Amino acid sequence: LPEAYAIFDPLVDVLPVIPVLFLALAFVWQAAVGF
Amino acid sequence: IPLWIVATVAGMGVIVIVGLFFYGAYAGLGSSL
Amino acid sequence: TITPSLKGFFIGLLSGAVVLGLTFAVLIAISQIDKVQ
Amino acid sequence: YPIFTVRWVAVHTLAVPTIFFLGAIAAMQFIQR
Amino acid sequence: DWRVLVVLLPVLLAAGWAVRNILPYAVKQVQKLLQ
Amino acid sequence: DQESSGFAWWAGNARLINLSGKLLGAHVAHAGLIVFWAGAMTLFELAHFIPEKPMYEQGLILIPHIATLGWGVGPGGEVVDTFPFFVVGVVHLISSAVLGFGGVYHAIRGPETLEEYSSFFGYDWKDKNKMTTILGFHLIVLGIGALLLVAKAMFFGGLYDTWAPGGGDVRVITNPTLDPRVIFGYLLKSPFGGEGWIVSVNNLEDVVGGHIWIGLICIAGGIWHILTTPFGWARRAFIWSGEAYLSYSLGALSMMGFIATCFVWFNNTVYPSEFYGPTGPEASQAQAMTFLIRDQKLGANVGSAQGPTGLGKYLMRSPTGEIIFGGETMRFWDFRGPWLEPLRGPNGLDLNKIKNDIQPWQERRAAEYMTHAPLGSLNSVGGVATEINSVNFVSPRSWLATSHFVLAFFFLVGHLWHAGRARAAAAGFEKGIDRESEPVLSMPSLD
Amino acid sequence: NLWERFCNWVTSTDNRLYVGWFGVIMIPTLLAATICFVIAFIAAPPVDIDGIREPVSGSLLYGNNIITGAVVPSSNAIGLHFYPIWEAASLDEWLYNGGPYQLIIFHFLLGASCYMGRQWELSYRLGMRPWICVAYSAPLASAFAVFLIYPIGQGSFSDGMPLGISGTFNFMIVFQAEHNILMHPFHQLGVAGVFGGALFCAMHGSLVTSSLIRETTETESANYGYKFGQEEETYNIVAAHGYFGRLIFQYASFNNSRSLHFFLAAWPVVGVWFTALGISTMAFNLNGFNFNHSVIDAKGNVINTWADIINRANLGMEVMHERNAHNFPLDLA
Amino acid sequence: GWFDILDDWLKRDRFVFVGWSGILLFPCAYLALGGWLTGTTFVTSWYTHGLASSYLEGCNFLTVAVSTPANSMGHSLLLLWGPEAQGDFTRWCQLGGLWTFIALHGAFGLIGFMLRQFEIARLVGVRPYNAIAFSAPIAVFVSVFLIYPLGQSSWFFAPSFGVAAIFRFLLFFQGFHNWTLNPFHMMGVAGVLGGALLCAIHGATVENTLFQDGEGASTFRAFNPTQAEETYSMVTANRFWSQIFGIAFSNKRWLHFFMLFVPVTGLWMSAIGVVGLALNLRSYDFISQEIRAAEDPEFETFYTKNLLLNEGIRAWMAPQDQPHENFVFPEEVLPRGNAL
Amino acid sequence: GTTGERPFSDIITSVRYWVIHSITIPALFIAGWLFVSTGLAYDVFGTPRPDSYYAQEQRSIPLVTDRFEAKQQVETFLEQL
Amino acid sequence: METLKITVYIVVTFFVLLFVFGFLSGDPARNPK
Ligand code: CLA
Ligand code: CLA
Ligand code: CLA
Ligand code: CLA
Ligand code: CLA
Ligand SMILES: CCCCCCCCCCCCCCCC(=O)OC[C@H](COP(=O)(O)OC[C@@H](O)CO)OC(=O)CCCCCCCCCCCCCCC
Ligand SMILES: CC1=C(/C=C/C(C)=C/C=C/C(C)=C/C=C/C=C(C)/C=C/C=C(C)/C=C/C2=C(C)CCCC2(C)C)C(C)(C)CCC1
Ligand SMILES: CC1=C(/C=C/C(C)=C/C=C/C(C)=C/C=C/C=C(C)/C=C/C=C(C)/C=C/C2=C(C)CCCC2(C)C)C(C)(C)CCC1
Ligand SMILES: CC1=C(/C=C/C(C)=C/C=C/C(C)=C/C=C/C=C(C)/C=C/C=C(C)/C=C/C2=C(C)CCCC2(C)C)C(C)(C)CCC1
Ligand SMILES: [Cl-]
Ligand SMILES: [Cl-]
Ligand SMILES: [Fe+3]
């Protein structure tokens, strides 16, 4: 990463897993509506 | 306390603790290093 | 005479007899308090 | 509802040591040779 | 040795703490049983 | 709720089948996830990238795609500036937010059905005209996208070309192959060994050319489907429903996924070994080369050296006579790569060129590719299974080949699933057998 | 019309065996593979599977019994090349190089793929729900894995599973030496699938036999209490669930027959799917977990585990498989 | 009477039924499972095998084992109060005492569980075929963990309780007994795999021959456990398999008994053959083949190739798998082909 | 039907439960931690520490050779450390 | 050899054409309801 963005290089380590969480949230939601 | 909250936090506790076990597999005892 | 292993044998015998005794003692007691109708 | 039952004992002889063991296994990840 | 009391301490505290939060609700259970 | 539609929570997206506004929403929302992963994964790869190491020693699959398109790299694949990687990730990531915003809006806020909101976006699955029209638009989009690759190769910097003289480099593609006997000759080769079907495309001209062709084929078919309705023979040969079309694409996505597997496993043109690590056949051939060079330097006569089995130790013939590398690599003699083709004469490997013309950069390349063979354990220990820990490496090729075979296999299962159900829903027994009209109870007995 | 009569018979439900359009491919291809397998098992001459001119005998007439006999895979010199009869100068050359293997496996894979489609097809003609063929996809995928997919990734049909009892074991052993498939979680899920399937099959059968409703005397079979096509269920699901729910606890039991039968399908099929996928992805040398020398002491001495004992055994298979075929020190083919 | 009072309490309808069989089952099962969990977390194998085997030492879930006692203990019961440990909990663990503890408490647990199936079956009103079928798991456990090491020199050559340890056991049995060649194991394969097949195919058949008893597209709701009618069509499932495969079930009772028979029969056959391997009474060879191959060096089958592999396994793994033998193989005796 | 205990649903939902168990579950967990962090688990079970598998100049594995004096043989091994 | 190759090519073509043309000759309509 260009050093002007080096401040986010911790945030980059997490970003690719965000789509997975979307799968998990659909279960939180169906749990909250009682399936 | 709504169960769906209890379900999410328990699993979240599960995911954290499993992640700690996989983490240790690359560091310290049993890491090959 | 009583060799070390024969002493151990009684150690085990009494241990098991204590375990089964406490077991059946407690099980009979519970059964007397919480009977059926 | 009663509070302590045969089930109560059964869940606690499995669960008490499980959490205890997960704790011990947790700390093991930080052992360095 | 000292390590044993270090380890048992939380469990003792937890048990006592649970004993104190459950005690009124247990002595009624036993009282209900004695019939 | 399941009482309203029939479908249960675990089959909840089937409640979207006749709600075009929400269905549009999920689709646009899903496309954002793809674009999100693409951008996010790129920045992760760039945050972990080391220019002094080859890309394949670092677990990278996206930066290799970007570099093959000619962005970021110089001669022989060396990374010279990383800012084009950065852009590709940021732009995808920023775009995903747009795709997400619209997807969520259509999902929970927009109108559930489109058919009363607009007669142009609305669609009924059983309406064969509107479906071919939507198909036509998307065919047009696909054609444009395939031409964007042409344009990048011909007008906008070119492509990385592992075959370029002097060693691979970025190169502008001036003369794409348009000869239909070549372009569609690939589509007619055998899938089997030494042939390769479309996987054998080994020059950028043939790649760029084929894309000009499907680019044109698609736009034409798009126009054709916008203007026509399905003929009568197609009407009675197909099932016209949303699930039916979903199954048709699962079969296709499956076929494509298998093909993708073979491409990244065998092909080192559109998957430059400079970026992806050697192929399986390549690393084995590279091993034989490395030991040929070493033993010959010691004084061995690699043409007449007999091996334990009686076959040649360094050199034997193929079943059609060609001089090939010996040993168990005999199976890999269809391999072709730029580090080895200089030693290839018309009859195969040329013993004179082996003796006098091997260059240091070849010995370096063979050794590098021998010790980076796509072999490794699930936890990325490099080598055969019996290898001790030390080398952290699995080839991107293994990672890409294995994942897409899994995805392909499961999408074939998906095709079988939704196809049969589509057929049963249309016929009216996808929910089970009517007790009062059981079909078998009215057929005669087999005996 | 004459073509419509043909089509009416191809698709008839009154045929003792259903033919169908999938069957128009299935019947000839299976018959070809079956006839050639029978003949080669009995009579084939030795085949040079490892392409090192050391032929391997596999047929009965050449000194094999039912256990040691195989149709031997085609030569390593052939690799992935297509090798029908007409590509060979003579039947003699074809037999020497492994021709019947390709003929058989390609006809069989085609025939079994159409067997799967035949299952969808007759089910559609009968008014059935359609997914039985999805279950059969799990063994079909497994067959695809070991006859086709694993040769592709390795680069030769000579690493295909031999068509023979001992040949199969030679496949499993060399596979474990090369890929450590016991330590691969996809084979472990396959074990969990076939063991679990065996268990659940055992369970369901004992639980239903247990709940059979008395309809017979003692001097006859309990089976004669069921008549083909009665509308009454023959066992008592409530009693069976009453039993099994007490065996464990009630919520660990099934009270819905459809939910239980779905579980019976899903557990082995999924697990076999994964184990097909394990062969199919080890084909591209993504291998099982490697823990060799993973545990170390403070000085740096290796402290073996059971993984390192598995490695010593893997090593001994490794240096003995294809004992003459390697001229270079890495096993890359 | 106090016996009839204790019977009243043991047979109470609770969440977890106890019964008379519970007095045996629960403490033994809980102690078998607790002993495995205890050892895989804390207990080494450095003095019995020279192996690490606990979470505390660095092992993961696939490599932890409660390992067998050293060969020198023979078939010692290895009781805590016995002569080897002499009541020292620490030394008992270091000597392999958890292995016999688990195996023995486990063996008795399995007796308790089978008695449990009997006890519940009689109280509930069903025939006891579930307990009959559980004979096959017991027969397997007894032959592999008790008889097989009793046949051999010690508990050492029993399976150690662990995932990778079990895999080594599998590989030992190929290299040493040529277990794949044994027809009693082959019959087990055919009953395990044939059981998987029957499980998959019967579940699919029922799910794909259901009657339409609801209007929902998820078809599970259309069953009530108290209903009297079959939920799927035996007639239709019969015609289908008749025309697809040639033969089809026509009797639901025979079909479900057959699902009991097959995997139960097969596990019992594999036990029998393991009993043979206790005595090294292997199906290791075919004498006819060895006579041909010794006189004809151009004879080569897959059978003769497997034996080369078995010989490689034995020489390459024995020095560390059998460390009480003080084996030292100089490199030149190791069998190996060219290059590798 | 229902056997008679309080449903687990109502229990992990009720406030009294999590009053009690937000202390007990962490207590045992911390207890387990301290069992390993104090080094007690090493001595209770006799499992070697990373510096107690060999002596500083030894690659021979301390294998138990004798059945009946085995307890003493293990302790003669620990002394050579 | 070549006579065999031509013989099998004809055979294969024949059956493949039975398959495509059979499944185009109105398959969905061939069902019980
Ligand atoms: C890729 C995954 C995906 C997607 C895109 C969808 C999308 C959809 N599902 Mg499906 N679903 C999925 C997975 C998915 N589903 C899975 C895995 C399951 C199994 C658990 C289900 C189970 C399921 C059921 C049971 C149902 C749906 C339904 C729906 C639709 C309405 C949902 C609703 O009412 O939400 C309401 C929920 C909320 C309002 C909570 C908030 C949700 C949003 C989307 C959070 C977005 C967060 C994001 C970061 C914001 C971005 C902001 C932007 C500026 C960038 C919707 C089109 C429903 C349907 O068909 O109705 C007719 C329905 O009944 N789904
Ligand atoms: C096709 C997709 C694909 C491929 C080929 C790769 C390949 C790679 N990734 Mg990437 N990755 C992907 C998707 C992919 N990734 C996705 C979707 C995410 C988001 C979570 C990421 C996030 C990610 C990160 C954060 C990292 C990688 C890294 C890597 C490397 C190491 C992989 C590894 O060790 O995995 C470990 C293996 C596994 C976890 C095994 C998973 C097995 C799956 C779950 C089987 C699923 C089967 C089936 C689909 C289930 C349904 C069955 C049902 C229907 C019956 C490797 C080069 C690493 C790297 O080196 O970066 C530089 C790294 O740090 N990836
Ligand atoms: C496939 C995507 C798609 C589709 C089919 C639709 C369809 C529809 N949207 Mg939706 N929408 C989408 C994406 C989509 N939207 C996205 C991504 C966003 C977020 C930016 C929105 C935000 C949005 C809003 C806020 C609203 C709609 C509304 C509408 C309706 C009216 C649109 C109209 O008249 O446009 C007429 C045509 C135009 C305005 C010109 C569009 C020019 C495009 C954008 C040029 C770029 C084309 C290029 C190929 C894009 C590449 C994308 C990249 C990822 C490859 C219609 C049903 C309206 C509605 O239903 O209200 C009730 C409404 O209020 N949409
Ligand atoms: C995404 C792409 C796509 C899709 C989904 C469709 C879909 C459709 N097209 Mg369109 N079409 C497309 C692209 C597409 N088309 C393009 C790009 C063109 C321009 C070339 C055409 C030209 C075209 C024409 C000329 C016609 C259609 C028609 C149709 C309909 C019937 C298709 C059919 O019967 O196929 C089934 C395929 C066959 C029956 C072919 C016979 C079997 C072949 C030989 C199988 C070979 C497969 C095998 C595995 C080999 C593959 C690899 C390689 C060797 C080829 C259908 C609605 C028909 C219609 O009704 O239009 C109004 C019609 O006449 N399309
Ligand atoms: C296709 C491959 C295949 C198949 C299907 C089989 C099938 C079988 N093999 Mg064979 N095997 C194979 C390949 C195969 N093998 C190969 C290639 C080798 C190498 C030569 C071996 C080596 C091998 C060995 C060494 C053994 C087998 C045995 C078996 C049988 C094991 C049956 C079983 O369930 O035991 C499982 C064990 C039990 C059922 C015992 C009871 C267990 C209780 C009920 C468990 C309860 C657990 C409790 C509730 C708590 C658990 C908690 C915990 C998980 C946390 C079975 C017949 C075994 C045998 O024949 O035994 C007689 C045996 O010892 N195989
Ligand atoms: C949705 C996720 C799908 C996952 C893959 C498919 C799983 C089931 C496939 C078995 C096919 C068996 C042969 C015929 C079996 C058959 O005939 O099924 C019949 C049964 C009932 O069918 P219905 O007609 O009622 O429902 C299907 C549609 O009609 C929707 O109503 O189908 C289902 O219940 C599907 C359940 C979907 C939900 C599946 C989730 C389970 C997998 C979870 C992930 C496990 C991962 C393990 C990792 C180690
Ligand atoms: C429908 C639905 C669903 C789904 C949803 C979705 C799928 C959504 C999506 C969403 C999305 C798809 C989103 C996205 C977003 C994105 C974003 C938000 C981004 C942002 C970015 C940025 C801001 C950037 C930044 C930067 C730069 C500029 C440079 C470099 C560094 C950084 C990174 C810092 C679910 C399943 C839940 C269920 C319910 C219903
Ligand atoms: C780009 C490129 C290229 C090219 C490509 C191309 C040119 C392609 C084409 C392609 C094509 C041209 C394709 C096509 C395909 C086809 C298909 C895939 C088909 C399908 C079919 C179907 C699916 C059918 C079915 C059926 C039957 C069989 C019977 C009746 C019924 C039905 C209809 C169902 C090249 C290689 C040069 C190079 C690289 C780049
Ligand atoms: C030995 C012995 C004994 C006993 C003891 C006991 C009884 C113990 C118990 C113990 C226990 C009782 C423990 C527990 C543990 C547990 C654990 C350690 C767990 C873990 C878990 C996990 C880790 C999970 C995982 C998973 C799964 C599996 C599912 C999903 C996925 C996951 C990953 C989440 C006595 C002293 C009496 C005597 C002497 C000897
Ligand atoms: Cl071999
Ligand atoms: Cl070699
Ligand atoms: Fe059944």
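Structure above, values below:
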item	result
Conditions (1) away from ligand 2 (no atom under 16 Å from the Cβ); (2) touching a residue at least 24 places away in the same chain (Cβ under 8 Å): number failed by F:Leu93	(1)
H:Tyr129 being in contact (Cβ under 8 Å) with a residue 24 or more places away in the chain, of a type in the set (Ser, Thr, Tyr) and more than 11 Å from chain G (Cβ to nearest Cβ)	no
Candidate set from the range H:1-51 (those that are more than 14 Å from chain C (Cβ to nearest Cβ) and aliphatic (A, V, I, L, M)); member that is farthest from C:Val36 (Cα to Cα)	H:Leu51
Residues of the range F:391-435 satisfying the condition of being touching a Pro at 6+ places or on another chain (Cβ under 8 Å), touching a residue at least 40 places away in the same chain (Cβ under 8 Å) and within 12 Å of ligand 6 (Cβ to nearest atom)	F:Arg421
Failed condition for H:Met114, given (1) within 12 Å of another protein chain (Cβ to nearest Cβ); (2) assigned to a helix (DSSP H, G or I); (3) under 20 Å from H:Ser72 (Cα atoms)	(3)
Residue in the range F:239-249 that is nearest to F:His415 (Cα to Cα), counting only those that are touching a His at 6+ places or on another chain (Cβ under 9 Å) and within 16 Å of ligand 1 (Cβ to nearest atom)	F:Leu246
Matching residues, the range G:316-333, being outside any loop (DSSP other than H, G, I, E, B) and either within 16 Å of ligand 11 (Cβ to nearest atom) or surrounded by fewer than 24 Cβ atoms within 10 Å (Cβ to Cβ) (or both)	G:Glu318
Any hit, the range H:211-227, residues being over 27 Å from G:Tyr124 (Cα atoms) and touching a helix residue (DSSP H, G or I) at 6+ places or on another chain (Cβ under 8 Å)	yes
Top-ranked residue of the range F:401-421 - restricted to ones that are surrounded by fewer than 21 Cβ atoms within 10 Å (Cβ to Cβ), farther than 28 Å from G:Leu122 by Cα and within 9 Å of chain G (Cβ to nearest Cβ), ranked as nearest to ligand 2 (Cβ to nearest atom)	F:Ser403
Per-region count, the range F:116-136, residues in contact (Cβ under 8 Å) with a residue 60 or more places away in the chain, near ligand 3 (Cβ under 10 Å from one of its atoms) and surrounded by fewer than 15 Cβ atoms within 10 Å (Cβ to Cβ)	2
Hey, F:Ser249 more than 10 Å from every other protein chain (Cβ to nearest Cβ), under 30 Å from F:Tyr160 (Cβ atoms), under 29 Å from the mean Cα position of the chain (by Cα) and within 13 Å of ligand 4 (Cβ to nearest atom) or not	no
Those residues of the range G:204-220 which are facing chain H (nearest Cβ under 7 Å) and of a type in the set (A, V, I, L, M, F, W, C), in sequence order	G:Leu207, G:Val208, G:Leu212
Test for H:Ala65: is it under 20 Å from the mean Cα position of the chain (by Cα), aliphatic (A, V, I, L, M), closer than 23 Å to H:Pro319 by Cβ and surrounded by 20 or more Cβ atoms within 10 Å (Cβ to Cβ)	yes
Some residue of the range F:125-138 being among the hydrophobic types (A, V, I, L, M, F, W, C) and either within 15 Å of ligand 8 (Cβ to nearest atom) or in a loop (DSSP other than H, G, I, E, B) (or both)	yes
Identity of the residue in the range G:283-315, touching a residue at least 60 places away in the same chain (Cβ under 8 Å) and within 16 Å of ligand 5 (Cβ to nearest atom), that ends up surrounded by the fewest Cβ atoms within 10 Å (Cβ to Cβ)	G:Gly288
Considering residues of the range H:291-321 that are among the acidic types (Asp, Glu) and surrounded by 14 or more Cβ atoms within 10 Å (Cβ to Cβ) only, the residue nearest to ligand 1 (Cβ to nearest atom)	H:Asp321
In the range F:267-292, the residues that are surrounded by fewer than 24 Cβ atoms within 10 Å (Cβ to Cβ) and within 27 Å of F:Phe410 (Cβ to Cβ)	F:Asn267, F:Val270, F:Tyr271
Output for the range H:199-245, where each listed residue is among the aromatic types (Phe, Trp, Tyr), within 7 Å of chain G (Cβ to nearest Cβ) and in contact (Cβ under 8 Å) with a residue 12 or more places away in the chain	H:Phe240
Within chain I, helices (runs of 4 or more DSSP H) holding 2 or more residues that are more than 8 Å from every other protein chain (Cβ to nearest Cβ)	I:8-13, I:15-37, I:70-79
Breaking point among (1) out of contact with any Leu (no Cβ under 9 Å at 6 or more places or on another chain); (2) crowded, with 18+ Cβ neighbours inside 10 Å; (3) not in a helix (DSSP H, G or I), for G:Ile67	(1)
Residue among G:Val238, G:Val272 that is more than 16 Å from ligand 4 (Cβ to nearest atom) and within 30 Å of G:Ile149 (Cβ to Cβ)	G:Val272
Answer from H:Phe173, H:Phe134, H:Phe141 - the residue that is more than 10 Å from chain G (Cβ to nearest Cβ), under 17 Å from the mean Cα position of the chain (by Cα), surrounded by 19 or more Cβ atoms within 10 Å (Cβ to Cβ) and away from ligand 1 (no atom under 16 Å from the Cβ)	H:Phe173
Of all residues in the range F:294-342 being part of a helix (DSSP H, G or I) and crowded, with 20+ Cβ neighbours inside 10 Å, the one that is nearest to ligand 7 (Cβ to nearest atom)	F:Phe332
Which numbered condition F:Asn389 misses (of (1) in a helix (DSSP H, G or I); (2) surrounded by fewer than 22 Cβ atoms within 10 Å (Cβ to Cβ); (3) within 8 Å of chain G (Cβ to nearest Cβ))	(1)
Residue list for the range G:70-93, restricted to those being of a type outside the set (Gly, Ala, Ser) and surrounded by fewer than 21 Cβ atoms within 10 Å (Cβ to Cβ)	G:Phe82, G:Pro84, G:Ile85, G:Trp86, G:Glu87, G:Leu91, G:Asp92, G:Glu93
Candidates H:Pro159, H:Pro149 - the one that is at negative phi, assigned to a loop (DSSP other than H, G, I, E, B), more than 10 Å from chain G (Cβ to nearest Cβ) and of a type outside the set (A, V, I, L, M)	H:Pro159
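For (1) buried (at least 18 other Cβ atoms within 10 Å of the Cβ); (2) within 16 Å of ligand 3 (Cβ to nearest atom), each residue gets a yes or a no:
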{"residue": "F:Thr68", "(1), (2)": "yes, no"}
{"residue": "F:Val73", "(1), (2)": "yes, no"}
{"residue": "F:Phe85", "(1), (2)": "yes, no"}
{"residue": "F:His92", "(1), (2)": "yes, yes"}
{"residue": "F:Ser95", "(1), (2)": "no, yes"}
{"residue": "F:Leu99", "(1), (2)": "yes, yes"}
{"residue": "F:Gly103", "(1), (2)": "yes, yes"}
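Laboratory data are not the source of any read-out in this text; all were calculated from the coordinates shown. A quick note on method: Cβ atoms are made from the backbone with ideal geometry, for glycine too, and the neighbour counts reach across all protein chains shown.
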